[PDB]
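Report on the structure given below.
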Amino acid sequence: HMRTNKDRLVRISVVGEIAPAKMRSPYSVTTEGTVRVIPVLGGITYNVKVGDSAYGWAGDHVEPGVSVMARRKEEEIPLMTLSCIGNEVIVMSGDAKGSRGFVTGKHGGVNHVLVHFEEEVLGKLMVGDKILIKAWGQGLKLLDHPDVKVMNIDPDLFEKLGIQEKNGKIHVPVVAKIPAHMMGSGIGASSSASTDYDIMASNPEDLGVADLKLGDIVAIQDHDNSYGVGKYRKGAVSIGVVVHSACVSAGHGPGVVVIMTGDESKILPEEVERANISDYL
Amino acid sequence: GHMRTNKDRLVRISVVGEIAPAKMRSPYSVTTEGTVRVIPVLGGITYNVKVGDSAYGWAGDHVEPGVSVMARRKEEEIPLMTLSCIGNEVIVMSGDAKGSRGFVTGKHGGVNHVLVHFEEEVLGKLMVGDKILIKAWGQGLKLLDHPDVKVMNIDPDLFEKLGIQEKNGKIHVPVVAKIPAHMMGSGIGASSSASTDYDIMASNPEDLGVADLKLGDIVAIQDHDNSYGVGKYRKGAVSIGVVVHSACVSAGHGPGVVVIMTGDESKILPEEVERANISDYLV
Amino acid sequence: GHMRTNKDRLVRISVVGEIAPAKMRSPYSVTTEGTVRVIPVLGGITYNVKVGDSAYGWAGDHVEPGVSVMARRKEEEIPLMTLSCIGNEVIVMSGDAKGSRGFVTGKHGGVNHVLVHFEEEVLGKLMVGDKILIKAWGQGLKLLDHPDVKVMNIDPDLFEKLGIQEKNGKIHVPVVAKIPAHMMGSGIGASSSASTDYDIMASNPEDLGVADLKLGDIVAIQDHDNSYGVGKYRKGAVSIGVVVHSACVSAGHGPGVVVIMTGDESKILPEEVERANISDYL
Amino acid sequence: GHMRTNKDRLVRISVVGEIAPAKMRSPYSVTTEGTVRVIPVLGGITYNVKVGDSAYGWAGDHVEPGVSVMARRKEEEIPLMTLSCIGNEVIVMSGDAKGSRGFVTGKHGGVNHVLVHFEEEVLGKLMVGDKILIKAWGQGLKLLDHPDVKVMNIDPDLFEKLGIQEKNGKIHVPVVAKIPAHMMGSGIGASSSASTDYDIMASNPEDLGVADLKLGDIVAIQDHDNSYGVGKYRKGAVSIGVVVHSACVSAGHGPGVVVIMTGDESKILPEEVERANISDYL
Amino acid sequence: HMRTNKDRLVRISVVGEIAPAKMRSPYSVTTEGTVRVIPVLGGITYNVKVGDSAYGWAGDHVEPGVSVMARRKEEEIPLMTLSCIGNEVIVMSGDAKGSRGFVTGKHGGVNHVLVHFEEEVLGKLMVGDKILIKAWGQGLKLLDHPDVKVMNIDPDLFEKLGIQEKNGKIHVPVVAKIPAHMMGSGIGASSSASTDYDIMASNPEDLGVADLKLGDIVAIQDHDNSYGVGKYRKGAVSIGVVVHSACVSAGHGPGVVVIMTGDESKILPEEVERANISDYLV
Ligand SMILES: [Cl-]
Ligand SMILES: [Cl-]
Ligand SMILES: [Cl-]
Ligand SMILES: [Cl-]
Ligand SMILES: [Cl-]
Ligand SMILES: [Cl-]
Ligand SMILES: [Cl-]
Ligand SMILES: [Cl-]
Ligand SMILES: [Cl-]
Ligand SMILES: [Cl-]
Ligand SMILES: [Cl-]
Ligand SMILES: [Cl-]
Ligand SMILES: [K+]
Ligand SMILES: [K+]
Ligand SMILES: [K+]
Ligand SMILES: [K+]
Ligand SMILES: [K+]
């Protein structure tokens with residue numbers, strides 16, 4: 001139990017609706033300059049869920065579970081900014097009205113918040129159904145570690161990640177440690193609070209692991225995410241969550257939402273067999 | 001045996017639309033003879049034309065069987081048309097027939113409608129504008145032992161019921177007709193065979209050497225490759241498709257075909273049978 | 001005893017709209033005398049005026065009996081107006097009168113309304129904007145033994161009730177009046193007779209040689225061909241139509257007529273009767 | 001020695017547009033092999049490609065020779081595409097090349113461009129958005145002694161220079177190639193042959209049995225009737241057209257053809273020559 | 001001089017207009033989470049030009065010379081795709097009408113093409129003035145080096161970069177070799193033909209050099225740019241041109257437009273004191 005400002009934090013209604021499956025072209029362009037016709041992002045994805053492999057799908061940018069978009073452009077920034085991984089989500093219209101889930105991730109660009117509901121719910125949902133996220137976590141501070149920034153994470157979920165304070169150093173279980181040069185699309189976004197960015201590994205063996213799963217906790221080496229996304233800084237480290245599937249185009253791959261950032265003197269990622277948010281929700 | 005596929009890597013996703021109105025841009029349809037007729041066209045809930053019926057003998061043009069489903073907005077057309085596969089499950093999500101289930105029978109480019117079969121009882125309860133969920137599944141499908149035979153636009157479970165067989169490294173496919181390249185018209189050159197149909201421009205089924213061509217029929221198209229864009233003429237290529245809409249009165253138009261398979265004549269052997277119609281595995 | 005038709009080749013399709021508001025572009029209607037009157041006009045649920053009533057004797061202009069049905073949007077107007085046939089079944093799909101059934105009595109071009117008769121009890125439950133389904137059926141209808149006699153705008157089952165008879169390779173049609181070409185005004189020239197009405201510009205029914213002209217009445221128009229566009233003057237042509245809206249106050253307007261049959265006087269013999277009104281066959 | 005025409009009954013009218021930008025909906029063009037290329041496409045002032053040049057051998061897709069002319073707005077696209085005939089006079093009405101004159105070489109449907117040849121000196125003074133006047137003339141043209149041979153899309157004065165000859169109640173037409181029906185792709189089914197081109201989907205000119213196919217070339221299309229809509233397969237029909245745009249990389253596309261004549265093989269006898277190219281008759 | 005396909009290449013009018021200076025906020029957010037009020041991108045920038053340091057200006061994303069934007073959104077793709085570094089630019093309206101310049105770079109997101117004119121021209125220019133780019137270079141291939149891709153570069157300017165063939169390998173003068181990890185904003189764009197991407201060096205010394213100048217030729221180690229932008233692959237190498245100034249926000253820095261990409265076994269960057277396109281535009 002780290003000391004935080006949890007009691008100072010503001011909890012607020014963030015609304016959206018279930019997003020349709022989205023495609024701007026039938027074709028996805030590969031790194032080899034070839035075209036494939038495959039499903040992409042958005043929608044209710046019936047057979048890909050948090051906890052599944054990010055790899056091995058005939059798809060691109062596939063978002064697990066339910067994708068939630070804004071009612072209109074003006075409402076995209078708060079949706080994307082305030083929604084934190086692990087926040088409670090309630091279905092507010094349609095046949096699954098009253099059903100509860102949790103935020104697994106968010107994806108910038110199209111600006112989707114990604115949500116896990118129990119399987120039985122998914123078959124009752126419809127594109128356009130109203131969604132309430134009870135947004136809570138931005139503003140979170142570690143009072144004993146002011147140089148370690150945290151974000152994008154529900155404070156109750158934060159306490160279940162196996163993070164231990166030992167000797168003024170913050171030990172964090174991770175499945176993999178990713179070099180700065182493996183990060184691609186999304187570097188330079190205005191705020192790490194409001195988007196993911198991509199690990200451009202075409203295969204999980206490129207990251208030194210047999211598999212990378214949606215919901216996995218990873219370390220990003222030599223990236224500072226305190227403000228904008230993806231600042232290369234030797235000795236910086238970031239901790240994040242894997243939020244979407246593998247991708248076919250140059251510079252893309254499984255998305256990561258940052259939950260912690262600071263110096264390698266303070267944050268010690270420790271490689272374990274399993275570290276996945278699906279285990280706690 | 002069972003064709004080896006990548007079925008388990010396939011993504012299943014919600015594709016949304018709404019029941020389309022009957023659409024007409026003019027009261028008149030222009031014939032091949034340069035005359036005008038006033039007849040029903042595409043869109044809507046068509047009450048007396050269904051998958052399994054003849055594509056011919058209707059006083060109509062581009063008539064779409066059953067329920068025509070359009071996008072909620074233009075931006076949603078590409079996924080509707082691309083991801084929706086013949087045989088996919090369809091659920092009515094608003095109106096008096098809410099909870100009713102049907103199947104995708106076809107899709108038609110231009111207006112960009114996905115065509116759906118529901119049991120006859122359901123049709124009398126439907127209303128234009130009613131919300132429609134397609135549980136889209138099939139794009140990405142590969143035959144793991146036949147890499148040079150491309151498949152598309154087809155629900156994997158429905159694909160298994162088409163009487164298709166592996167032998168001697170070749171795929172045998174039952175069809176009602178084999179259609180020459182020169183009989184294909186409107187829709188050649190579309191960007192992607194995954195997202196449209198193209199027309200057989202036969203005025204009469206006898207022009208194809210058959211007594212009838214029915215909505216839902218499986219046909220072969222000779223000397224057309226449909227791997228990427230639509231309707232590349234190539235000597236020795238063969239495509240398999242499904243008939244999806246009715247006969248048409250204007251030059252270059254006729255019953256629509258959605259391609260489900262394409263490759264080389266050395267690998268795909270269409271074999272002419274009396275009956276090969278998806279309604280047998282769907283109505 | 002039916003005429004041979006291609007009825008079985010005809011396509012039945014959903015045509016949608018919604019109950020139209022009462023519409024007025026000005027408070028005033030301009031008369032043929034160049035004066036102004038403030039009176040109700042077209043659109044709406046008209047509580048007071050119905051198929052079978054006189055087209056004359058109302059303090060109103062272009063009054064549409066029963067329920068006026070318009071398109072959801074402009075792009076849907078053509079199929080609404082083209083495919084909807086007199087006598088087609090109509091079903092209320094939203095609001096308090098949801099499930100109620102009626103019949104198309106007519107259609108009026110310009111504002112593009114299809115006009116619908118429901119039972120009187122229904123009207124008081126209806127609201128402007130309530131959703132309407134027309135089960136459109138009849139366009140494409142051909143008389144297989146009379147290829148030169150064109151039919152349109154008419155539900156085939158209603159067509160069989162009009163007292164029309166084959167004899168000697170000709171068609172006898174009961175009508176209340178036969179209207180000269182020069183009595184037809186507004187709507188001549190419309191692209192298609194399938195998609196609109198045109199006006200009988202008689203100020204009084206006596207101008208037509210009859211004591212009354214009623215909404216629903218079956219009439220002949222002499223020397224007009226309506227095979228394609230509306231109102232082609234041709235000596236010896238004859239058209240048959242149905243009266244669909246009320247008398248009118250402005251020059252060139254009057255009770256509207258939707259054409260259901262057109263051909264030559266050698267083939268179509270209108271025969272004047274006391275009564276020929278579609279309300280009798282609801 | 002002219003054919004008898006209704007030339008004097010034809011209406012000459014102003015058709016306007018403006019110089020179109022280069023247009024691309026994606027940086028990539030998708031090939032028949034399912035790969036992507038980044039290359040120039042249609043629209044614009046193409047400095048480098050002109051009527052008379054090969055339709056093949058460019059690193060490009062749908063490249064339109066000379067100056068591409070589009071409509072000021074969507075509502076003006078139909079008359080632009082319909083009335084503009086190959087060989088019509090074109091006048092620059094604004095910008096630095098104001099007063100310069102050129103000739104219509106073709107037109108391309110979809111984006112709806114009319115393609116124009118100006119002298120080379122003019123091109124360097126032109127700007128996208130400069131105003132363009134086409135003196136449209138030729139739609140309505142009939143061959144008075146060959147009623148079953150339809151002509152279209154062609155300036156009558158240009159028509160007289162094509163080496164076409166009457167003999168024995170038949171029409172002999174010089175062509176560089178005769179193209180089978182099955183070689184025609186994109187554009188089949190368009191409402192009207194008067195308002196668009198359609199594509200020869202040959203990847204290489206050798207697929208057509210010729211060493212080269214040039215922009216401006218006169219070709220025959222075997223077994224296609226183009227009297228009304230585009231590309232009706234009919235055994236024994238023959239069409240004559242002009243090649244109007246470059247080879248293409250996607251399935252079902254290739255050099256575009258605007259039809260100028262259509263009828264039966266009993267009346268129209270295409271005769272293969274070494275050269276038949278409209279650039280010779282500017 | 002390398003064998004190319006220069007002869008198949010299409011040259012086409014790409015238009016735009018001079019862009020205003022653009023700011024979405026008065027504040028620019030730094031890597032330290034502070035705000036500064038400083039000039040940004042767009043406009044005619046009077047005192048920053050190709051050849052100047054990318055660093056040491058109190059500004060963010062500063063674009064040298066004249067920033068050119070599309071007339072409308074639909075025209076952005078061709079502007080950004082077809083415009084090649086070194087292409088000729090002609091002013092088509094305003095007080096400097098007829099003045100010629102050269103493309104120095106392009107910048108994705110806002111989608112500006114950057115242009116160098118002689119200094120005297122700049123004082124005559126106005127935001128909104130019409131701009132013609134004679135676009136030429138996309139489609140360029142090295143016929144003897146099929147696995148070395150080139151792009152975004154005027155073929156004549158390409159021949160001035162001191163690039164030499166020896167032993168089936170390509171030697172390229174560069175001022176710096178930049179590690180993959182120093183590349184940020186713009187990775188993952190659909191096409192390297194239509195955007196730049198950022199070197200996120202806060203200071204030039206972060207790249208092992210005293211200075212990095214606008215117009216500098218650089219190597220990016222372990223990035224493949226054949227299709228989409230910034231694919232990390234060990235052993236790939238890309239060559240690019242520095243196109244805009246240093247940036248204050250995380251993940252941004254001087255922008256690079258890629259002109260060549262391939263394998264380290266074929267492309268040999270060689271570090272020199274000076275390699276800058278300002279030495280050769282004209
Ligand atoms: Cl999930
Ligand atoms: Cl690194
Ligand atoms: Cl059906
Ligand atoms: Cl194979
Ligand atoms: Cl053939
Ligand atoms: Cl009534
Ligand atoms: Cl009164
Ligand atoms: Cl008269
Ligand atoms: Cl030209
Ligand atoms: Cl090439
Ligand atoms: Cl053929
Ligand atoms: Cl400059
Ligand atoms: K999803
Ligand atoms: K339908
Ligand atoms: K009414
Ligand atoms: K051009
Ligand atoms: K500038």
Side-chain angles (χ1 to χ4, degrees), chain A residues 28-33 60-61 107-109 178-190 192 195-202 206-207 220-225 228-233 238 240 243-244 246-258, chain D residues 27, chain E residues 61 80 106-111 149 151-152 178-201 207 218-234 236-244 247 249-259 261:
Chain A
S28 307
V29 175
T30 65
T31 49
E32 279 61 54
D60 172 71
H61 282 100
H107 180 48
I178 298 154
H181 68 255
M182 290 299 302
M183 307 307 301
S185 178
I187 295 179
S190 197
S192 47
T195 190
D196 58 339
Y197 70 140
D198 284 16
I199 299 163
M200 53 180 161
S202 76
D206 301 329
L207 302 165
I220 302 172
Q221 292 168 342
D222 303 311
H223 272 206
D224 188 327
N225 282 291
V229 176
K231 182 59 178 191
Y232 174 85
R233 184 175 62 82
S238 296
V243 301
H244 80 250
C247 293
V248 300
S249 302
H252 295 269
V256 176
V257 169
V258 183
Chain E
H61 276 106
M80 293 299 300
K106 54 193 173 182
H107 178 50
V110 297
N111 287 335
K149 314 300 183 203
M151 64 193 73
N152 293 324
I178 307 169
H181 68 69
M182 293 298 306
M183 303 306 299
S185 181
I187 297 180
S190 305
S191 174
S192 51
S194 71
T195 196
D196 62 331
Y197 72 133
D198 282 8
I199 310 154
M200 54 176 164
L207 305 166
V218 296
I220 305 172
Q221 309 184 295
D222 302 321
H223 270 197
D224 168 29
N225 281 288
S226 296
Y227 299 103
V229 178
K231 193 207 188 353
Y232 174 79
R233 180 179 75 74
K234 192 195 169 215
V237 57
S238 308
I239 307 298
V241 178
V242 178
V243 302
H244 75 249
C247 294
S249 299
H252 296 264
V256 177
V257 163
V258 174
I259 56 156
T261 195

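As a basis for the values below, the full set of heavy atoms in this structure was taken, side chains included, without hydrogen atoms, waters or symmetry mates. Letters go in sequence order (proteins before strands), and every chain restarts at 1.
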- request: Compare all side-chain heavy atoms of E:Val237 with those of E:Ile220 and state whether any distance is below 4.5 angstrom.
  value: no

task: Quick one: list whatever passes ring-ring contact (aromatic ring centres under 6.0 Å, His included) with A:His252, sequence neighbours left out.
output: A:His61

field: N/O donor-acceptor pair under 3.5 Å between A:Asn225 side chain and A:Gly230 backbone
entry: yes

field: side chain to side chain contact (heavy atoms under 4.5 Å, CB included) between A:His223 and A:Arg233, intermediate numbers included
entry: CA-CA 6 Å; A:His223 272 206; A:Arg233 184 175 62 82; over 6 Å; no

- prompt: Can you check side chain to side chain contact (heavy atoms under 4.5 Å, CB included) on A:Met182 and A:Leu207, steps first, answer last?
  reply: CA-CA 8 Å; A:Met182 290 299 302; A:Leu207 302 165; 4.0 Å; yes

field: Expected output: side-chain E:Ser194 to main-chain E:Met80 donor-acceptor under 3.5 Å
entry: no

query: So how far is it from E:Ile187 CD1 to E:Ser192 OG, rounded to the nearest 0.5 Å?
result: 13.0 Å

query: Would A:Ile199 and A:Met183 count as a side chain to side chain contact (heavy atoms under 4.5 Å, CB included) if you check the C-alpha gap in whole Å, the side-chain angles of each, and the deciding distance to 0.1 Å?
result: CA-CA 5 Å; A:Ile199 299 163; A:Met183 307 307 301; 3.8 Å; yes

field: E:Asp198 to E:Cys247 - nearest heavy-atom pair and separation
entry: OD2-SG, 4.4 Å

message: Measuring from atom CE of E:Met151 to atom OH of E:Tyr227, what distance do you get when rounded to the nearest 0.5 angstrom?
response: 9.0 Å

field: Pairwise distance OG(A:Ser238) to OH(A:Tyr197) - rounded to 0.5 angstrom
entry: 5.0 Å

- request: Before giving the answer on side chain to side chain contact (heavy atoms under 4.5 Å, CB included), spell out for E:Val218 and E:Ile239 the whole-Å C-alpha distance, their side-chain angles and the decisive distance to 0.1 Å.
  value: CA-CA 6 Å; E:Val218 296; E:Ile239 307 298; over 6 Å; no

query: What residues, two or more places apart in sequence or in another chain, satisfy side-chain hydrogen bond (donor to acceptor under 3.5 Å, both in side chains) together with E:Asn111?
result: E:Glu76

- request: Taking the side chain as every heavy atom from C-beta outward, state whether E:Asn152 and E:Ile259 have any atom pair closer than 4.5 Å.
  value: yes

- request: Evaluate the side-chain proximity of E:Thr195 to E:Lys106: yes if any heavy-atom separation is below 4.5 Å, no if none is.
  value: no

- prompt: Is any side-chain heavy atom of A:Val256 closer than 4.5 Å to a side-chain heavy atom of A:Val243?
  reply: no

task: Sequence neighbours left out, what passes side-chain hydrogen bond (donor to acceptor under 3.5 Å, both in side chains) with A:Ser185? Give chain and number order.
output: none

- request: Applying ring-ring contact (aromatic ring centres under 6.0 Å, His included), name anything that partners A:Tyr232, two or more places apart in sequence or on another chain.
  value: E:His181

- prompt: Residues in side chain to side chain contact (heavy atoms under 4.5 Å, CB included) with A:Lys231, at least two apart?
  reply: A:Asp224, E:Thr31, E:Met200, E:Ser202, E:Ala250

For A:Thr30, all residues meeting side-chain hydrogen bond (donor to acceptor under 3.5 Å, both in side chains), sequence neighbours excluded: A:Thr34

Side chain E:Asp196, main chain E:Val257, donor-acceptor under 3.5 Å: no

- line: All heavy atoms of E:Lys149 vs all of E:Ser226, minimum pair found to be CG-OG, 4.3 Å

